[PDB]
Each structure stands twice: as C-alpha cells, then as structure tokens.
Amino acid sequence: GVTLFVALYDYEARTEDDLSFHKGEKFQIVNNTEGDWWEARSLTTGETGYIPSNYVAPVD
C-alpha cells in the first residue's frame, strides 16, 4: 500500500539520528513497525533517519 508520506508540519531535529524537514517534504517509509519514531528516507535529500510519526501522513 502507500509507503510515501508527507510532512504536515516543519520539524527541527534534536539528535543526529533524526531528520529535519519542512511541511510538504515527502518520505519513503523504511520501517514503521517499531516505535512512534519511524525510519524514513527524505525524497528531497536522500538521507535516511528517524521522523516523528505524528508529523506525517500518507500522500494518498
């Protein structure tokens, strides 16, 4: 199903393992079966790291 998500809000990373992003930035979800921090790849930067799951929603 849909594994592409979009940021609903801007986010500035605290720790090195988090991605910073802007509203509208898209992500390919790598793993969301762990906690509420999801592993994801930014479609803008190509980087992979962790994002707060309640900041994103599926693109469709």
# chains A, B, ... in the order shown; residues from 1 in each chain; ligands from 1
$ residues_around --residues "residue 18 in chain A" --least-positions-apart "3" --cutoff "12 Å" --atoms "only C-alpha atoms" --output "PyMOL selection string"
chain A and resi 11-15+21+37-42+47-53
$ write_last_selection --atoms "N, CA, C and O atoms" --output "short mmCIF file (atom, residue, chain, number, x, y, z; two decimals), in the first residue's frame"
data_model
loop_
_atom_site.label_atom_id
_atom_site.label_comp_id
_atom_site.auth_asym_id
_atom_site.auth_seq_id
_atom_site.Cartn_x
_atom_site.Cartn_y
_atom_site.Cartn_z
N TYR A 11 9.81 20.42 11.13
CA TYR A 11 10.42 19.78 12.30
C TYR A 11 11.92 20.01 12.25
O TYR A 11 12.55 19.78 11.21
N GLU A 12 12.51 20.46 13.38
CA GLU A 12 13.94 20.67 13.52
C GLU A 12 14.50 19.58 14.42
O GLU A 12 14.03 19.42 15.56
N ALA A 13 15.45 18.83 13.91
CA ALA A 13 15.95 17.66 14.60
C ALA A 13 16.70 18.00 15.88
O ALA A 13 17.46 18.97 15.96
N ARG A 14 16.44 17.18 16.90
CA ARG A 14 17.17 17.27 18.16
C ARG A 14 18.49 16.52 18.04
O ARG A 14 19.56 17.12 18.07
N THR A 15 18.41 15.23 17.81
CA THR A 15 19.56 14.36 17.75
C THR A 15 19.98 14.06 16.31
O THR A 15 19.22 14.19 15.34
N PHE A 21 12.89 18.56 8.63
CA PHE A 21 12.13 18.64 7.38
C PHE A 21 11.17 19.80 7.43
O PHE A 21 10.88 20.35 8.50
N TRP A 37 8.62 6.66 16.41
CA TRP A 37 9.59 7.31 15.55
C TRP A 37 9.87 6.36 14.40
O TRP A 37 10.32 5.22 14.61
N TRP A 38 9.57 6.79 13.21
CA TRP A 38 9.64 5.92 12.04
C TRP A 38 10.94 6.13 11.30
O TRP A 38 11.39 7.27 11.15
N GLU A 39 11.50 5.07 10.76
CA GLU A 39 12.68 5.23 9.91
C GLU A 39 12.21 5.56 8.49
O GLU A 39 11.38 4.84 7.93
N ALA A 40 12.80 6.57 7.88
CA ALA A 40 12.31 7.08 6.61
C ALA A 40 13.42 7.72 5.81
O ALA A 40 14.42 8.19 6.35
N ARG A 41 13.24 7.73 4.50
CA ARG A 41 14.14 8.39 3.57
C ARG A 41 13.46 9.61 2.99
O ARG A 41 12.45 9.48 2.36
N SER A 42 14.08 10.76 3.15
CA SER A 42 13.60 12.00 2.53
C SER A 42 13.77 11.91 1.02
O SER A 42 14.86 11.62 0.53
N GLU A 47 18.56 11.38 2.42
CA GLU A 47 19.06 10.88 3.70
C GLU A 47 18.04 9.96 4.33
O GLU A 47 16.84 10.22 4.24
N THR A 48 18.52 9.02 5.12
CA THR A 48 17.64 8.17 5.92
C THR A 48 17.86 8.42 7.40
O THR A 48 19.01 8.49 7.87
N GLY A 49 16.76 8.56 8.12
CA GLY A 49 16.82 8.72 9.55
C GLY A 49 15.44 8.65 10.14
O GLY A 49 14.52 8.09 9.58
N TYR A 50 15.31 9.13 11.35
CA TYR A 50 14.09 8.93 12.08
C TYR A 50 13.27 10.19 12.05
O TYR A 50 13.81 11.32 12.11
N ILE A 51 11.95 9.98 11.96
CA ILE A 51 10.95 11.07 11.96
C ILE A 51 9.82 10.79 12.95
O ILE A 51 9.42 9.62 13.20
N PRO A 52 9.24 11.83 13.56
CA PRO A 52 8.14 11.64 14.48
C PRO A 52 6.87 11.36 13.69
O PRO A 52 6.44 12.17 12.86
N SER A 53 6.26 10.17 13.92
CA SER A 53 5.21 9.66 13.05
C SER A 53 4.00 10.57 13.02
O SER A 53 3.30 10.62 12.00
#
$ select_by_dssp --residues "chain A" --states "strand (DSSP E or B)" --output "PyMOL selection string"
chain A and resi 4-7+11+18+21+26-31+37-42+48-52+56-58
$ write_last_selection --atoms "C-alpha atoms" --output "PDB file, in the first residue's frame"
ATOM      1  CA  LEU A   4       5.105   7.523   0.700  1.00  0.00           C
ATOM      2  CA  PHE A   5       4.328  10.054   3.394  1.00  0.00           C
ATOM      3  CA  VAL A   6       4.214  13.855   3.530  1.00  0.00           C
ATOM      4  CA  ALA A   7       5.153  16.189   6.351  1.00  0.00           C
ATOM      5  CA  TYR A  11      10.422  19.777  12.303  1.00  0.00           C
ATOM      6  CA  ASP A  18      16.557  12.470  13.252  1.00  0.00           C
ATOM      7  CA  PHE A  21      12.126  18.636   7.379  1.00  0.00           C
ATOM      8  CA  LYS A  26       7.944  13.613   1.205  1.00  0.00           C
ATOM      9  CA  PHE A  27       9.362  10.438   2.688  1.00  0.00           C
ATOM     10  CA  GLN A  28       9.701   6.811   1.755  1.00  0.00           C
ATOM     11  CA  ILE A  29       8.993   4.827   4.874  1.00  0.00           C
ATOM     12  CA  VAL A  30      11.695   2.288   5.607  1.00  0.00           C
ATOM     13  CA  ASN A  31      10.334   0.987   8.927  1.00  0.00           C
ATOM     14  CA  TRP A  37       9.591   7.315  15.553  1.00  0.00           C
ATOM     15  CA  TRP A  38       9.645   5.924  12.040  1.00  0.00           C
ATOM     16  CA  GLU A  39      12.679   5.225   9.910  1.00  0.00           C
ATOM     17  CA  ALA A  40      12.313   7.077   6.611  1.00  0.00           C
ATOM     18  CA  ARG A  41      14.143   8.391   3.575  1.00  0.00           C
ATOM     19  CA  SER A  42      13.596  12.003   2.527  1.00  0.00           C
ATOM     20  CA  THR A  48      17.642   8.172   5.924  1.00  0.00           C
ATOM     21  CA  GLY A  49      16.824   8.719   9.551  1.00  0.00           C
ATOM     22  CA  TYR A  50      14.086   8.925  12.084  1.00  0.00           C
ATOM     23  CA  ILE A  51      10.947  11.075  11.965  1.00  0.00           C
ATOM     24  CA  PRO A  52       8.136  11.640  14.484  1.00  0.00           C
ATOM     25  CA  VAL A  56       3.392  12.878   8.681  1.00  0.00           C
ATOM     26  CA  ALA A  57       0.519  11.459   6.731  1.00  0.00           C
ATOM     27  CA  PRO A  58       0.266   9.179   3.667  1.00  0.00           C
TER      28      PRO A  58
END
$ closest_residue --among "A:8, A:59, A:54, A:46" --to "residue 32 in chain A" --atoms "only C-alpha atoms"
A:54
$ atom_distance --atom1 "CA of residue 9 in chain A" --atom2 "CA of residue 25 in chain A"
9.2 Å
